Amino acid sequence: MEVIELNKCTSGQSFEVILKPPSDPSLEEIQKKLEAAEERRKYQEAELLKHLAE
Amino acid sequence: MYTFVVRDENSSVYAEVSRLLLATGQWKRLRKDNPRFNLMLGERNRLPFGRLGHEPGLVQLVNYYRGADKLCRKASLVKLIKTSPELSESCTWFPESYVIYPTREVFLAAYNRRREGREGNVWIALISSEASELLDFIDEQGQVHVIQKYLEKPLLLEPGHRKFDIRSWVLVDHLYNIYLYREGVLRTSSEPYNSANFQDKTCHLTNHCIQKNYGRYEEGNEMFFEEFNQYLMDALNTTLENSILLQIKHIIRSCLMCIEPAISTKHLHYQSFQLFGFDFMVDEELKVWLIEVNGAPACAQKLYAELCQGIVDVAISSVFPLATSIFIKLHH
Amino acid sequence: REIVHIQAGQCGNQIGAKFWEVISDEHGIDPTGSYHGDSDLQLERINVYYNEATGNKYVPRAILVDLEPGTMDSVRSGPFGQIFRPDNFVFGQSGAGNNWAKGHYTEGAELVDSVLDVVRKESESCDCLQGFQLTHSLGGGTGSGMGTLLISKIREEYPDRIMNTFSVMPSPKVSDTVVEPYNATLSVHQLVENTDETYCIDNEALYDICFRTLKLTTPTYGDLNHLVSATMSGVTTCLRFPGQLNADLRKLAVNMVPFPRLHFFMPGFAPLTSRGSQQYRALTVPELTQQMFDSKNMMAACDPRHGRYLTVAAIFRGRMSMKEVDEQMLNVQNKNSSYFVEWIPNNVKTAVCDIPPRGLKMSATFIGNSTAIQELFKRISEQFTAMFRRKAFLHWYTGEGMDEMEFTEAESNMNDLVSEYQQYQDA
Amino acid sequence: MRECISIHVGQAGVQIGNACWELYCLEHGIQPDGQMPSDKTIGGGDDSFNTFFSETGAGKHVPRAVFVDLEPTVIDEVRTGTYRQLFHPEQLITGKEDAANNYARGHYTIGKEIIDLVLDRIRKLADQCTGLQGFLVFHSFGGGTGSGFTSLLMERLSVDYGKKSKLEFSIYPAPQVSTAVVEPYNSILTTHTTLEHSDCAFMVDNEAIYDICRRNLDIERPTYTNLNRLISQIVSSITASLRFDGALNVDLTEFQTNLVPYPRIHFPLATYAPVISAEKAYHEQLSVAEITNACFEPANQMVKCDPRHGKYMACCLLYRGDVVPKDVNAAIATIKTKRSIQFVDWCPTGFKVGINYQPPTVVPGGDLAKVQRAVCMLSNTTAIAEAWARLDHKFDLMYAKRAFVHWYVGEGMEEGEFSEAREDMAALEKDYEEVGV
Ligand SMILES: Nc1nc2c(ncn2[C@@H]2O[C@H](COP(=O)(O)OP(=O)(O)OP(=O)(O)O)[C@@H](O)[C@H]2O)c(=O)[nH]1
Ligand SMILES: Nc1ncnc2c1ncn2[C@@H]1O[C@H](COP(=O)(O)OP(=O)(O)CP(=O)(O)O)[C@@H](O)[C@H]1O
Ligand SMILES: Nc1nc2c(ncn2[C@@H]2O[C@H](COP(=O)(O)OP(=O)(O)O)[C@@H](O)[C@H]2O)c(=O)[nH]1
Ligand SMILES: CNc1nc(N2CCCc3cc(OC)ccc32)c2cc(F)ccc2n1
Ligand SMILES: [Ca+2]
Ligand SMILES: [Mg+2]
Ligand SMILES: [Mg+2]
């Protein structure tokens with residue numbers, strides 16, 4: 001059971017212990033998606049204001 | 001009124017368990033995918049253990065032990081016995097076993113040691129005498145197989161010169177008590193045993209099914225415990241308890257005590273019990289051997305009533321109570 | 001989050017007035033508009049329903065609408081009459097004659113813009129308007145026909161605000177006229193399209209509850225409206241008082257309404273109490289739970305065992321163990337888990353408020369979205385076609401512009417709604 | 001010295017942030033006014049607590065915190081609470097209308113209207129940072145703000161700070177404290193859209209915290225104050241290495257290194273012992289070995305699962321209190337024999353350990369007793385995928401009827417983002433299952 005890289009200091013100490021070894025989208029792309037949804041909203045709202053107008 | 005669901009319709013055993021539960025008037029059965037169950041009589045493969053014990057205000061109990069397959073899977077059972085110090089290679093009740101995949105690990109080095117004394121070199125998967133005969137049989141299936149020392153000198157019942165195995169039904173409860181059913185079954189071969197023609201594997205393979213002579217000396221190729229013990233007394237001057245049952249109780253205890261840390265539901269959010277069928281092989285020296293552990297075991301027709309009524313008393317009503325014993329507690 | 005309240009017609013204004021009486025008592029406001037209460041919980045969310053006047057007075061955010069002056073003069077006379085803002089009495093004179101067409105198309109049309117003006121004034125005051133709640137019956141003519149005209153127009157001006165109604169369903173056991181199934185089917189068509197949440201207050205239930213359970217031999221509208229104030233106070237507790245939930249109309253709609261047309265809720269109350277006579281044993285939390293889920297306590301005459309609960313909201317009032325409330329609520333589901341859809345996990349939510357209602361130490365209001373509400377629409381649809389297959393009494397409507405076709409459409413949209421409720425009672 | 005900016009989002013995030021920053025203040029001896037008598041470097045310092053506090057010319061110590069809720073109720077109590085003086089008003093951002101438990105309302109509708117305002121106030125702190133490390137982001141899986149605004153924020157931060165690290169503290173939804181029936185939709189939607197923008201995520205299942213509060217704190221019905229104060233103890237354990245002298249987990253980059261080998265699998269299970277009631281009059285102090293053994297009881301995990309049926313990829317032990325290395329290795333020794341600790345073949349079976357001698361700090365009057373030593377294990381075990389499977393099942397149950405879908409489509413979203421976010425989770429569950437058999 002091998003201890004290693006033990007660092008000490010006034011606050012405490014740390015170390016590691018082995019038991020065994022081995023064996024992003026663009027701002028503009030965000031702006032697109034985010035603005036497609038707002039359009040999809042405004043369509044659905046206009047269809048409602050069109051139905052109410054009928 | 002407790003609630004339970006049923007997700008393995010192929011369970012001869014718990015088919016009964018469901019029926020008995022309803023007939024108590026205090027157990028209603030929900031639908032498969034209804035999560036507000038107290039008790040899951042679950043499915044055999046891919047039972048969803050990750051989803052259990054998350055229903056607030058529901059104590060949940062399932063009839064299987066996650067991890068239990070490490071014992072009930074032939075390849076894994078060998079791996080378990082070789083590697084656990086609790087069992088060790090110096091395991092005196094498991095026959096020699098190697099796991100060989102189809103595309104010899106240290107299997108060949110043992111077979112050769114057998115060329116040194118020309119000792120018995122019969123094995124199984126399926127039974128051969130030449131390694132090449134067998135090894136060429138696992139690659140014709142393509143799946144992992146396991147080969148074992150065949151027990152060339154077994155114990156034969158007379159009249160018949162016949163083979164047989166012993167199935168003990170063990171029930172482990174939510175507390176990890178180990179309960180052995182007092183009723184056992186000898187699954188007997190009606191064909192007189194002989195070691196010249198292995199390929200005529202009807203007197204070698206003792207499976208109740210594979211015996212599609214069925215019914216000669218005892219009904220259904222099954223001899224219960226009262227009969228066998230009688231014959232033992234008369235024929236060998238011994239009892240079932242002493243010559244055989246001790247070692248079985250030793251093997252059951254040892255196997256289940258091994259995996260207890262991996263499968264115990266003591267401090268877990270859901271709980272498990274499970275019924276196992278343990279399969280043994282008695283040789284001519286009255287020595288018991290462990291063949292296979294069966295995690296999804298069927299009971300013998302005559303004992304269903306009693307065994308399933310005991311699952312409910314010991315494993316189910318223990319957790320969910322309502323308004324001498326048929327088990328032997330294996331102590332630890 | 002301000003709410004704007006609207007009461008329309010005979011029924012709408014009589015239950016409207018009780019509501020303001022009942023909750024004005026709970027918030028410690030008196031008829032003069034002055035607060036005289038003990039706790040501060042009473043004032044924390046007082047703005048949801050009341051505008052704060054100078055002199056630190058509290059004026060309900062309520063618009064009063066009728067086509068006749070009758071009831072509206074009544075309200076101004078009643079105990080809390082003076083609390084209501086006088087410019088918010090908006091009325092005509094000709095009445096509506098229990099005629100959906102007169103309310104929606106002829107008589108109501110004249111007056112509606114005047115109503116929309118008061119609405120707009122109140123909306124402008126509002127820091128963040130949640131939406132509107134309306135009280136009306138579906139069987140008369142003002143609250144029914146004009147009521148749904150207002151809703152159609154309000155949705156045009158405020159298409160993204162929440163529309164909540166308390167809609168009293170007609171019943172032969174308590175009916176003014178034979179044409180109520182006509183007026184209700186035309187209204188339900190409107191409600192299915194233009195409201196987020198409607199509480200189906202069935203006059204059939206209020207009658208049976210008054211007759212059978214409260215043993216009232218000859219129930220008046222005042223006995224029925226008692227039951228309606230109690231429910232209305234319950235289903236708005238979580239809006240008027242601080243909680244762990246901080247609930248509002250939109251969140252309520254999100255969580256109650258899996259599908260948009262299935263927004264008709266079964267209300268329930270426990271304990272059922274008759275006016276005046278007070279009984280003296282508080283209920284055990286186990287009793288509140290069994291009673292509130294009892295069909296005998298439902299305010300929509302539907303058997304909950306004939307359908308499945310899509311979602312449930314329950315609200316407990318008084319000093320009691322939330323631990324026990326938890327156990328009792330979990331208890332009823334796991335016991336009757338059959339009657340709750342499996343395909344909406346954890347569809348029963350619960351809330352608690354320390355303050356009980358006047359004259360009870362412990363109470364439970366219940367909001368169910370059960371697929372059994374179809375039983376209600378089926379009832380009204382049967383009555384409707386009993387008459388329509390003979391075009392009986394239709395002249396009252398054709399005479400005001402309406403076409404047989406409009407009747408066939410409404411009927412058909414309703415029978416559709418029943419089909420939709422049946423789709424999921426099986427799923 | 002490198003700075004760390006904490007961003008708390010929605011109700012769960014903001015209330016937990018109060019919890020934590022109060023604790024941080026007791027632990028660092030900062031007062032409700034932001035004064036820290038111990039700081040002699042007045043108006044500055046590149047001390048290690050300055051990773052979480054800037055100092056003012058007047059000697060005030062100010063959280064590198066920003067709070068963001070789409071609705072004023074919750075942050076308003078921060079604005080009028082014991083630690084008002086602590087924060088700069090610009091740090092407390094408030095909407096007027098909340099996401100109504102709606103992932104898509106908080107992401108698309110109301111999100112798009114506040115994302116730029118928030119990022120500017122975030123940039124106002126990044127401009128006081130000599131070498132900014134990155135972000136600690138606190139939020140619920142369940143709320144509409146919690147889930148939907150957080151992922152819009154996470155996306156942008158990847159764009160405006162592509163070189164800084166992003167860590168997550170995420171409240172996973174539990175019906176005993178839940179506030180909404182659609183929380184499984186919001187959970188999946190936000191995990192799919194945030195997965196590639198978070199380097200390391202610590203899930204805390206409200207179910208687990210609730211049961212610890214009942215079993216070990218003898219609290220009948222835990223409140224958010226009960227849950228959050230216990231939750232910030234764990235958070236403190238996990239961050240103390242950034243705020244204290246040490247050699248283990250000194251920067252947000254070390255958390256990925258030590259705990260996350262494969263990028264997607266970045267959900268380290270947290271286990272924490274001991275939780276001891278402040279009411280218990282006579283308590284027997286637990287040993288290094290008793291508490292280290294407690295780290296392998298599920299009943300102590302932040303997520304209830306079974307690490308036995310799973311494989312480890314990494315593992316840290318964070319001790320606070322009277323602990324020396326020898327007692328740890330002795331405890332480790334005897335634990336490695338009695339427990340089912342299986343590592344993936346391609347990872348050294350081992351334990352990176354860190355000890356801080358200052359024992360755990362408990363807020364005066366809370367529910368936690370003071371203790372001589374405590375520990376928080378961080379293990380990246382595949383058993384945590386159990387939590388993914390549970391959520392994904394509830395999601396499948398509802399979505400197969402498309403129940404509630406319309407609330408989302410009605411805000412701009414497309415029925416298709418539902419099957420896209422869910423297919424991703426299908427991937428995640430599969431990555432975990434390969435890695436662990
Ligand atoms: N542990 C803990 N969990 C919380 C807390 N507050 C809320 N939650 C959880 O967060 C989930 C809902 O997310 P919220 O943060 O409340 O919603 P939100 O972020 O304010 O977004 P909105 O929908 O706009 O309100 C619920 O399931 C709660 O269990 C808290 O203070 N502590
Ligand atoms: N090492 C050995 N020596 C001799 N005979 C053996 C043996 N191992 C097994 N046998 C016999 O041969 C049979 C081999 O088949 P096997 O044991 O795989 O069937 P099975 O036990 O899996 C059916 P079940 O699952 O229903 O119990 C054993 O049942 C036993 O009868
Ligand atoms: N519960 C209850 N129902 C009422 C009340 N007043 C009227 N109704 C019902 O409402 C229907 C009549 O509609 P009404 O509101 O009076 O006509 P309107 O004035 O034109 O809106 C009848 O079916 C009544 O049963 C009341 O005070 N309480
Ligand atoms: C404003 N009225 C209101 N709203 C509630 N909410 C909003 C917030 C989450 C929520 C989730 C639901 O899942 C089914 C149901 C209901 C609710 C509510 C909840 C109650 F348990 C009791 C009374 C309630 N009353
Ligand atoms: Ca300094
Ligand atoms: Mg009338
Ligand atoms: Mg909020």
# chains A, B, ... in the order shown; residues from 1 in each chain; ligands from 1
>>> interface_residues(of="chain C", to="chain A", cutoff="10 Å", atoms="only C-alpha atoms", output="number ranges by chain")
C: 152-153, 155-157, 159-160
>>> interface_residues(of="chain D", to="chain C", cutoff="6 Å", atoms="only C-alpha atoms", output="number ranges by chain")
D: 100, 181, 397-398, 403-404
>>> interface_residues(of="chain D", to="chain B", cutoff="7 Å", atoms="only C-alpha atoms", output="list in words")
residues 176, 298, 299, 308, 339, 340, 386 and 390 of chain D
>>> interface_residues(of="chain B", to="chain C", cutoff="12 Å", atoms="only C-alpha atoms", output="PyMOL selection string")
chain B and resi 1-4+26-38+54-59
>>> residues_around(residues="range 108-124 of chain D", least_positions_apart="6", cutoff="9 Å", atoms="only C-alpha atoms", output="ChimeraX atom specification")
/A:33-35,37-38,41 /D:5,7,65-66,68,70,90-91,93,95,97-99,145,148-149,152-153,156-157,160,411-413
>>> interface_residues(of="chain A", to="chain D", cutoff="6 Å", atoms="only C-alpha atoms", output="VMD selection string")
chain A and resid 11 to 23 37 to 38 40 to 41
>>> select_by_dssp(residues="range 202-296 of chain D", states="strand (DSSP E or B)", output="PyMOL selection string")
chain D and resi 202-205+269-273+277
>>> residues_around(residues="range 45-55 of chain C", least_positions_apart="2", cutoff="7 Å", atoms="only C-alpha atoms", output="compact mmCIF listing (two decimals) with N, CA, C and O atoms, in the first residue's frame")
# COMPACT_ATOMS: atom_id res chain seq x y z
N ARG C 1 -47.94 39.85 -8.06
CA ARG C 1 -48.84 39.04 -8.88
C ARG C 1 -50.29 39.35 -8.53
O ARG C 1 -50.91 38.69 -7.70
N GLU C 2 -50.82 40.39 -9.18
CA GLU C 2 -52.21 40.77 -8.98
C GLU C 2 -53.13 39.91 -9.83
O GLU C 2 -52.78 39.50 -10.95
N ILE C 3 -54.29 39.60 -9.26
CA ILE C 3 -55.39 38.91 -9.92
C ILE C 3 -56.52 39.91 -10.11
O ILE C 3 -56.74 40.76 -9.24
N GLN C 42 -51.84 37.76 7.29
CA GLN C 42 -53.05 38.29 6.68
C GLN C 42 -52.78 39.43 5.72
O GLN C 42 -53.62 39.71 4.86
N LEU C 43 -51.66 40.12 5.87
CA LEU C 43 -51.40 41.26 5.02
C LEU C 43 -50.31 41.00 3.99
O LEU C 43 -50.14 41.82 3.08
N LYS C 57 -56.57 51.95 3.11
CA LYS C 57 -57.76 51.13 2.95
C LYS C 57 -57.55 50.12 1.83
O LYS C 57 -56.71 50.32 0.94
N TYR C 58 -58.32 49.03 1.86
CA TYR C 58 -58.15 47.92 0.93
C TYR C 58 -59.41 47.73 0.09
O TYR C 58 -60.47 47.42 0.62
N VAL C 59 -59.27 47.90 -1.23
CA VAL C 59 -60.38 47.87 -2.17
C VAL C 59 -60.24 46.66 -3.08
O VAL C 59 -59.25 46.56 -3.82
N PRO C 60 -61.19 45.72 -3.07
CA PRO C 60 -61.05 44.53 -3.92
C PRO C 60 -60.84 44.89 -5.38
O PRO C 60 -61.39 45.87 -5.89
N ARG C 61 -59.99 44.11 -6.04
CA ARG C 61 -59.77 44.23 -7.48
C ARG C 61 -60.84 43.41 -8.20
O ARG C 61 -60.58 42.35 -8.79
N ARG C 240 -53.38 33.48 -1.50
CA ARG C 240 -53.59 34.61 -0.60
C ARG C 240 -52.70 34.56 0.63
O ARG C 240 -52.67 35.54 1.40
N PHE C 241 -52.00 33.45 0.85
CA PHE C 241 -51.20 33.27 2.05
C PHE C 241 -49.82 32.72 1.71
O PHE C 241 -49.67 31.92 0.77
>>> residues_near_ligand(ligand="ligand 3", cutoff="6 Å", atoms="only C-alpha atoms and all ligand atoms", output="list in words")
residues 9, 10, 11, 12, 14, 96, 98, 137, 139, 140, 141, 142, 143, 144, 170, 174, 175, 176, 203, 221, 224 and 225 of chain C
>>> write_last_selection(atoms="N, CA and C atoms", output="compact mmCIF listing (two decimals), in the first residue's frame")
# COMPACT_ATOMS: atom_id res chain seq x y z
N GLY C 9 -73.55 38.48 -13.92
CA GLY C 9 -74.89 37.95 -13.87
C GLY C 9 -75.36 37.59 -12.47
N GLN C 10 -76.59 37.09 -12.41
CA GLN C 10 -77.24 36.71 -11.16
C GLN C 10 -76.27 35.84 -10.36
N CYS C 11 -76.07 34.60 -10.82
CA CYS C 11 -75.26 33.64 -10.09
C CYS C 11 -73.85 34.16 -9.86
N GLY C 12 -73.22 34.66 -10.92
CA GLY C 12 -71.83 35.09 -10.79
C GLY C 12 -71.62 36.12 -9.71
N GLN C 14 -73.75 36.70 -7.04
CA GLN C 14 -74.09 36.23 -5.70
C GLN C 14 -72.97 35.38 -5.12
N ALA C 96 -80.99 39.86 -19.86
CA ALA C 96 -80.61 38.90 -20.88
C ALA C 96 -81.58 37.72 -20.99
N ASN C 98 -82.19 34.88 -19.56
CA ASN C 98 -81.73 33.49 -19.54
C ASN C 98 -81.40 32.98 -20.94
N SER C 137 -72.54 31.59 -13.85
CA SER C 137 -73.23 30.35 -14.15
C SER C 137 -73.18 30.13 -15.65
N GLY C 139 -75.91 28.50 -17.08
CA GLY C 139 -77.28 28.19 -17.45
C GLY C 139 -78.18 29.39 -17.72
N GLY C 140 -77.82 30.57 -17.21
CA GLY C 140 -78.57 31.78 -17.49
C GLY C 140 -78.10 32.42 -18.78
N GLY C 141 -78.14 33.75 -18.82
CA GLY C 141 -77.80 34.43 -20.05
C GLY C 141 -76.67 35.44 -19.95
N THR C 142 -76.62 36.20 -18.86
CA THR C 142 -75.52 37.13 -18.71
C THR C 142 -74.26 36.34 -18.43
N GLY C 143 -74.07 35.88 -17.19
CA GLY C 143 -72.83 35.17 -16.85
C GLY C 143 -72.45 34.11 -17.87
N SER C 144 -73.45 33.43 -18.40
CA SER C 144 -73.22 32.45 -19.45
C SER C 144 -72.73 33.06 -20.76
N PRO C 170 -75.53 24.01 -14.64
CA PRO C 170 -76.96 23.87 -14.38
C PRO C 170 -77.34 22.45 -13.96
N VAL C 174 -82.01 22.04 -9.58
CA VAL C 174 -82.02 23.46 -9.23
C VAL C 174 -81.97 24.22 -10.54
N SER C 175 -83.10 24.39 -11.22
CA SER C 175 -83.06 25.04 -12.52
C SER C 175 -84.11 26.13 -12.62
N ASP C 176 -83.69 27.25 -13.24
CA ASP C 176 -84.58 28.37 -13.49
C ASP C 176 -85.44 28.16 -14.73
N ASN C 203 -74.38 22.49 -9.68
CA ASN C 203 -75.52 22.72 -8.81
C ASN C 203 -76.21 21.41 -8.46
N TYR C 221 -80.56 28.98 -2.58
CA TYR C 221 -79.29 29.34 -3.19
C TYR C 221 -78.28 29.73 -2.12
N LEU C 224 -76.51 26.56 -0.94
CA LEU C 224 -75.57 26.17 -2.00
C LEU C 224 -74.36 27.10 -2.07
N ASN C 225 -74.58 28.41 -1.86
CA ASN C 225 -73.49 29.37 -2.03
C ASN C 225 -72.53 29.36 -0.85
>>> residues_around(residues="residue 79 in chain B", least_positions_apart="2", cutoff="12 Å", atoms="only C-alpha atoms", output="number ranges by chain")
B: 69-77, 81-85, 87-89, 94, 96-100, 146
>>> residues_near_ligand(ligand="ligand 1", cutoff="6 Å", atoms="only C-alpha atoms and all ligand atoms", output="compact mmCIF listing (two decimals) with C-alpha atoms, in the first residue's frame")
# COMPACT_ATOMS: atom_id res chain seq x y z
CA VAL D 9 -29.71 30.37 -10.14
CA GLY D 10 -33.40 30.04 -9.28
CA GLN D 11 -34.89 29.33 -5.88
CA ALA D 12 -32.90 26.18 -5.01
CA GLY D 13 -29.64 27.79 -6.15
CA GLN D 15 -31.25 29.55 -1.03
CA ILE D 16 -28.34 27.09 -1.06
CA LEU D 70 -36.48 35.19 -12.60
CA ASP D 98 -40.87 33.28 -13.07
CA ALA D 99 -40.46 30.31 -15.39
CA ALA D 100 -43.56 28.57 -13.96
CA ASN D 101 -41.72 25.25 -13.59
CA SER D 140 -31.99 22.84 -9.34
CA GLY D 142 -36.38 20.88 -11.30
CA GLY D 143 -37.34 24.54 -11.49
CA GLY D 144 -37.97 26.38 -14.73
CA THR D 145 -35.28 28.93 -13.85
CA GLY D 146 -33.19 26.25 -12.19
CA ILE D 171 -30.30 19.61 -6.72
CA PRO D 173 -35.64 16.23 -7.85
CA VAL D 177 -39.84 18.10 -1.18
CA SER D 178 -40.66 18.43 -4.91
CA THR D 179 -42.64 21.40 -6.17
CA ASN D 206 -33.20 15.93 -2.21
CA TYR D 224 -35.29 23.78 3.22
CA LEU D 227 -31.69 20.54 4.01
CA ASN D 228 -29.68 23.51 2.88
>>> residues_around(residues="residue 391 in chain C", least_positions_apart="5", cutoff="12 Å", atoms="only C-alpha atoms", output="ChimeraX atom specification")
/C:179,182,384-386,396-398,403-405,407-408
>>> closest_atom_pairs(of="chain D", to="ligand 5", cutoff="10 Å", atoms="only C-alpha atoms and all ligand atoms", output="JSON lines")
{"residue": "D:36", "atom": "CA", "partner": "ligand 5", "partner_atom_place_in_ligand_line": "1 (Ca)", "distance": 9.6}
{"residue": "D:38", "atom": "CA", "partner": "ligand 5", "partner_atom_place_in_ligand_line": "1 (Ca)", "distance": 9.0}
{"residue": "D:39", "atom": "CA", "partner": "ligand 5", "partner_atom_place_in_ligand_line": "1 (Ca)", "distance": 5.4}
{"residue": "D:40", "atom": "CA", "partner": "ligand 5", "partner_atom_place_in_ligand_line": "1 (Ca)", "distance": 6.1}
{"residue": "D:41", "atom": "CA", "partner": "ligand 5", "partner_atom_place_in_ligand_line": "1 (Ca)", "distance": 3.6}
{"residue": "D:42", "atom": "CA", "partner": "ligand 5", "partner_atom_place_in_ligand_line": "1 (Ca)", "distance": 5.7}
{"residue": "D:43", "atom": "CA", "partner": "ligand 5", "partner_atom_place_in_ligand_line": "1 (Ca)", "distance": 6.8}
{"residue": "D:44", "atom": "CA", "partner": "ligand 5", "partner_atom_place_in_ligand_line": "1 (Ca)", "distance": 4.5}
{"residue": "D:45", "atom": "CA", "partner": "ligand 5", "partner_atom_place_in_ligand_line": "1 (Ca)", "distance": 3.2}
{"residue": "D:46", "atom": "CA", "partner": "ligand 5", "partner_atom_place_in_ligand_line": "1 (Ca)", "distance": 6.2}
{"residue": "D:47", "atom": "CA", "partner": "ligand 5", "partner_atom_place_in_ligand_line": "1 (Ca)", "distance": 5.8}
{"residue": "D:48", "atom": "CA", "partner": "ligand 5", "partner_atom_place_in_ligand_line": "1 (Ca)", "distance": 9.0}
{"residue": "D:49", "atom": "CA", "partner": "ligand 5", "partner_atom_place_in_ligand_line": "1 (Ca)", "distance": 8.5}
{"residue": "D:50", "atom": "CA", "partner": "ligand 5", "partner_atom_place_in_ligand_line": "1 (Ca)", "distance": 7.2}
{"residue": "D:53", "atom": "CA", "partner": "ligand 5", "partner_atom_place_in_ligand_line": "1 (Ca)", "distance": 9.8}
{"residue": "D:54", "atom": "CA", "partner": "ligand 5", "partner_atom_place_in_ligand_line": "1 (Ca)", "distance": 9.0}
{"residue": "D:55", "atom": "CA", "partner": "ligand 5", "partner_atom_place_in_ligand_line": "1 (Ca)", "distance": 7.6}
{"residue": "D:59", "atom": "CA", "partner": "ligand 5", "partner_atom_place_in_ligand_line": "1 (Ca)", "distance": 9.2}
{"residue": "D:61", "atom": "CA", "partner": "ligand 5", "partner_atom_place_in_ligand_line": "1 (Ca)", "distance": 9.6}
>>> closest_atom_pairs(of="chain B", to="ligand 2", cutoff="8 Å", atoms="only C-alpha atoms and all ligand atoms", output="JSON lines")
{"residue": "B:95", "atom": "CA", "partner": "ligand 2", "partner_atom_place_in_ligand_line": "1 (N)", "distance": 5.9}
{"residue": "B:96", "atom": "CA", "partner": "ligand 2", "partner_atom_place_in_ligand_line": "1 (N)", "distance": 7.9}
{"residue": "B:123", "atom": "CA", "partner": "ligand 2", "partner_atom_place_in_ligand_line": "1 (N)", "distance": 6.8}
{"residue": "B:124", "atom": "CA", "partner": "ligand 2", "partner_atom_place_in_ligand_line": "8 (N)", "distance": 6.6}
{"residue": "B:125", "atom": "CA", "partner": "ligand 2", "partner_atom_place_in_ligand_line": "18 (O)", "distance": 7.4}
{"residue": "B:148", "atom": "CA", "partner": "ligand 2", "partner_atom_place_in_ligand_line": "1 (N)", "distance": 5.4}
{"residue": "B:149", "atom": "CA", "partner": "ligand 2", "partner_atom_place_in_ligand_line": "1 (N)", "distance": 4.9}
{"residue": "B:150", "atom": "CA", "partner": "ligand 2", "partner_atom_place_in_ligand_line": "3 (N)", "distance": 3.3}
{"residue": "B:151", "atom": "CA", "partner": "ligand 2", "partner_atom_place_in_ligand_line": "3 (N)", "distance": 3.6}
{"residue": "B:152", "atom": "CA", "partner": "ligand 2", "partner_atom_place_in_ligand_line": "4 (C)", "distance": 6.4}
{"residue": "B:154", "atom": "CA", "partner": "ligand 2", "partner_atom_place_in_ligand_line": "4 (C)", "distance": 7.4}
{"residue": "B:163", "atom": "CA", "partner": "ligand 2", "partner_atom_place_in_ligand_line": "31 (O)", "distance": 7.8}
{"residue": "B:164", "atom": "CA", "partner": "ligand 2", "partner_atom_place_in_ligand_line": "31 (O)", "distance": 6.6}
{"residue": "B:165", "atom": "CA", "partner": "ligand 2", "partner_atom_place_in_ligand_line": "31 (O)", "distance": 5.9}
{"residue": "B:167", "atom": "CA", "partner": "ligand 2", "partner_atom_place_in_ligand_line": "27 (O)", "distance": 7.8}
{"residue": "B:204", "atom": "CA", "partner": "ligand 2", "partner_atom_place_in_ligand_line": "12 (O)", "distance": 5.9}
{"residue": "B:205", "atom": "CA", "partner": "ligand 2", "partner_atom_place_in_ligand_line": "12 (O)", "distance": 4.2}
{"residue": "B:206", "atom": "CA", "partner": "ligand 2", "partner_atom_place_in_ligand_line": "31 (O)", "distance": 4.0}
{"residue": "B:207", "atom": "CA", "partner": "ligand 2", "partner_atom_place_in_ligand_line": "29 (O)", "distance": 5.6}
{"residue": "B:208", "atom": "CA", "partner": "ligand 2", "partner_atom_place_in_ligand_line": "26 (O)", "distance": 8.0}
{"residue": "B:277", "atom": "CA", "partner": "ligand 2", "partner_atom_place_in_ligand_line": "27 (O)", "distance": 7.7}
{"residue": "B:279", "atom": "CA", "partner": "ligand 2", "partner_atom_place_in_ligand_line": "27 (O)", "distance": 6.4}
{"residue": "B:281", "atom": "CA", "partner": "ligand 2", "partner_atom_place_in_ligand_line": "30 (C)", "distance": 7.1}
{"residue": "B:291", "atom": "CA", "partner": "ligand 2", "partner_atom_place_in_ligand_line": "8 (N)", "distance": 5.4}
{"residue": "B:292", "atom": "CA", "partner": "ligand 2", "partner_atom_place_in_ligand_line": "21 (O)", "distance": 5.7}
{"residue": "B:293", "atom": "CA", "partner": "ligand 2", "partner_atom_place_in_ligand_line": "27 (O)", "distance": 7.5}
{"residue": "B:294", "atom": "CA", "partner": "ligand 2", "partner_atom_place_in_ligand_line": "25 (O)", "distance": 5.8}
{"residue": "B:297", "atom": "CA", "partner": "ligand 2", "partner_atom_place_in_ligand_line": "26 (O)", "distance": 7.2}
{"residue": "B:298", "atom": "CA", "partner": "ligand 2", "partner_atom_place_in_ligand_line": "26 (O)", "distance": 7.8}
